[PDB]
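Quick heads-up: it's one chain on its own, the form deposited in one PDB entry, in structure tokens.
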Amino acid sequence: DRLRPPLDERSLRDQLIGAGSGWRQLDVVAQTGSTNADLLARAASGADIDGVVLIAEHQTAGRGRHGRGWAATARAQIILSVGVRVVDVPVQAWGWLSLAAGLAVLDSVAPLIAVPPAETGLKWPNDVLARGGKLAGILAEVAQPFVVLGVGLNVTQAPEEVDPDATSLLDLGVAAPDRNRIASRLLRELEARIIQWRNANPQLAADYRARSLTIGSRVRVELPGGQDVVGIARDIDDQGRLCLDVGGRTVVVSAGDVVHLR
């Protein structure tokens, strides 16, 4: 469209690689299958990917969690993956890492949209929402010693292109979205949260809770088989899992698409 310039690999490099960030390497590609895929294939080849950033202008076979698939239109989103060395950390709290990316995405964009912050938060465990619409999705995938973190931020996507519940920074009150300034600020907020995660900083758990749309509301979790538990989400436990109050007693749950029911 008219509002979708391409990126600048050079600018990003100079702002981030060694200078204003801890990231070691940065590549923009015009088209791949899945940025997660590429960084996994690359680690399985023997390459160290701790610190590597991969950004794509367009992505064709997008990966969602639990099987499903993410959809993209050329230059309309910010689509990236990054590599982190994890084996220095308990194998609990690895799920707390995909959570952490959620916060890095709500932080980077919160100072840009002019919607009441109280109507923006994080849906557990891998969605980001602004007035009911899906703003970005996150996927963490494992390949020890590394984790690969994928973000898909709808910058200028329109909903009638990838999903009817999507919205975007454009549709939220942003006339010119600067994908270079947004990508650069999000890579910084990522780096900040990952270090919190590695040093078991408890500010990570508290801030997630503060900005959760899931916590504090009746929710519904749909499980394979036609199963459905319904409860109020009281807290996240230390593995990154969802504590529910059901008839007074805690049911912990690992994943599932959660449905907010106010």
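We number the residues from 1 along the sequence you see. The term rigid core refers to the maximal set of C-alpha atoms that superpose within 1.5 Å between the two forms.
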Where do the C-alpha atoms have the higher mean temperature factor in this entry, in 191-199 or in 63-71? 63-71
Going by the B-factors listed in the PDB entry, is the mean over the C-alpha atoms higher for 139-147 or for 99-107? 139-147
Per the entry's Cα B factor values, which of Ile182, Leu122, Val115, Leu80 stands out as the maximum? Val115
Maximum C-alpha temperature factor, selected from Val128, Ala158, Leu186, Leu153: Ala158
Which third, lowest, middle or highest, does the CA B-factor of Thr32 fall in along this chain? highest
Can you tell me whether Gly51 has a C-alpha B-factor in the lowest, middle or highest third compared with the other modelled residues of the same chain? lowest
Relative to the other modelled residues of the same chain, rank the CA B-factor of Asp238 and answer lowest, middle or highest third. highest
So where's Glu9 on the chain's Cα temperature factor ranking, which third? highest
Cα B factor band for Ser212 (lowest, middle or highest third within the chain): lowest
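Another form, the form deposited in another entry, is not on view; read the next lines as being about it.
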If you fit the rigid core between this form and the one not shown, which of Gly226, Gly46, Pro202, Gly67 ends up with a C-alpha shift of 2 Å or more? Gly226
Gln15: CA shift of at least 2 Å between this form and the one not shown after core fit? no
Pin down for me whether the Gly152-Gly20 Cα distance shrinks or grows in the other form relative to this form (closer or farther, change of 3 Å or more). farther
Have a look at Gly20 and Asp8: in the other form, are their Cα atoms closer together or farther apart than in this form, given the change is 3 Å or more? farther
